[PDB]
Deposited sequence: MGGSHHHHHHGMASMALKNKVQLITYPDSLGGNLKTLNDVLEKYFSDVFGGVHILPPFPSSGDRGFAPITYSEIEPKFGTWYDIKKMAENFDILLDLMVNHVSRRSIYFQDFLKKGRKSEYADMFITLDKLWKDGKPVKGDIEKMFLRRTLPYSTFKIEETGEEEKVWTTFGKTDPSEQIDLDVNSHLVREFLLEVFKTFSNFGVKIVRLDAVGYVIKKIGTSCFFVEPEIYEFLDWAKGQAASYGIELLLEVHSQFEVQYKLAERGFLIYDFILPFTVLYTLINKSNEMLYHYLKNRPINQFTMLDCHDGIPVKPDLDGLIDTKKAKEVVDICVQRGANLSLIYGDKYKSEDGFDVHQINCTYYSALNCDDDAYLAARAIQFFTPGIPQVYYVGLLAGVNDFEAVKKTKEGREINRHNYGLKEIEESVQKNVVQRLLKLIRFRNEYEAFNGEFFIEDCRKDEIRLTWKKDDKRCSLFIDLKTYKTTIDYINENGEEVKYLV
């Protein structure tokens, strides 16, 4: 029922960092050093993108969760960080590396492997294990074919298993059968491992894909998906873990998840803030702020691109979606597509600072809007350092999403944090962490279309954001410790 289990939910309301384990100095030890040097009271939590040994997709093809990738560090590095920050880690509920012991044993022994049932051999979907084109055509495909062919060593036979994702063929990412008792035991063991080292929040990667059903899109298949979500939520709670679901879908799916008591990502705000600032109009933002669940993790940038379709379906027309997309692409962006007909832009791959034309004032305005929006605010490491599009990584790797995944060395971090725009952002972050009003009541204030006025109130504390969208001048009027109203020019 409504907001099930949320009576006990009380998350720390402080800004969090999103980073790769190696993108701030090269490993978890340099990450910890950088956090201690510059950011101890800047972040209340850290989402470390997948730090387990992985065979592809920069961490999202995990081989095992029982150790941290040794290039990055050890589980004790995570435990030490958890002493100072809330740690958020990924659970790849949908797939595991083909190089895991589970799948390599299966490729050796075929059906006599004790792990065979962990994987979606095609006989679980079709009587004879033969794919049917008409059925595939109904599916939401994320690669040309949603399966891969492997050779069973002991029999020499060819076997197909489901692989939703994978840039190589065969894919490195083998889908898990979440109906298998063996998979549920496997996932439970990861929760236990995570909990053992202090992890408090777990992101369910690609959770929308876990239910396969012939005749459906195989994306967020109801009601089956909710049986898995309910199971996973209760087991995670047994180990002290809250689940954060990652679902790129139409807003009705996200809203129903929140209505049913699941934490979600705010995948509408990133585009909404871009549109607000590019067009100097608060109308879309105000409509969204008045009609959205508040128990969301907010972001501008993350490790993926800025969502467009399906996340904004029914909320913006193609004209305005294309306006913002085209402007971002003129500013260096590349696009991830749904994959010939219609508007098919899935995400805008672009640093958020570059998307705003490197306009410091507009970028600080964007973060102020984010931090004044109800929800737990997350700052991606590239945006923390006001990073611009990494064209070298795009040209060298031919991977568009690497535009927003630059790896910073220590010396480059030392230089970047001294930039005026970064120092302004750090001051704003600390204000959002320190000022008590953000833990109180939220009010959307009347104002002109080219203004933004948002207020938080708690006890004698109150802070009121004002943005002039004509100039992007961003001011916060707040009550200081002596009860005096003070003006903070962001």
In sequence order, the deposited stretches missing their CA atoms are 1 to 6, 346 to 351
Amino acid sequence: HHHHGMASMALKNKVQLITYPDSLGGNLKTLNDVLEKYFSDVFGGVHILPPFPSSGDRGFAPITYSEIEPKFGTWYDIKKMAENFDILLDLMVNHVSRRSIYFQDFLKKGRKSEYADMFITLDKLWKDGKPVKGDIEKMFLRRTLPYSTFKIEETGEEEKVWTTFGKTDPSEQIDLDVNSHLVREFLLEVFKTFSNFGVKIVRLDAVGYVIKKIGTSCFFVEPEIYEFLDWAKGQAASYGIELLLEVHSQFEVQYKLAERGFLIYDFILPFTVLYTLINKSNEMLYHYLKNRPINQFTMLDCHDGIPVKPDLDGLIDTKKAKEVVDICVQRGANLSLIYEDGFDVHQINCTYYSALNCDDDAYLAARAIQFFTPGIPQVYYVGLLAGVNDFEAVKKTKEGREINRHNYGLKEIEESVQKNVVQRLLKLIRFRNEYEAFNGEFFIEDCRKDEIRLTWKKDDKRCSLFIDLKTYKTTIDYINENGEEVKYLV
From here on, numbers count along this sequence of modelled residues.
Mean Cα B-factor check, 93 to 101 vs 221 to 229, entry values; winner is 221 to 229
Looking only at C-alpha temperature factors in the entry, 387 to 395 or 402 to 410, the higher average sits in 387 to 395
Reading the B-factor column for Cα atoms of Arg203, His346, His248, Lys130, the highest value belongs to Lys130
Note to self: of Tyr363, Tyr288, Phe371, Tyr239, the C-alpha temperature factor tops out at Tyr239
Tertile call for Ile476 (CA temperature factor, within chain, third-based) is the middle
For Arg424, the third of its chain by CA B-factor is the middle
Among the modelled residues of its chain, the C-alpha B-factor of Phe191 falls in the third labelled middle
Here the Cα B-factor of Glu137, set against its chain, lands in the third termed highest
So, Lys12's CA B-factor, relative to its chain, sits in which third? The middle
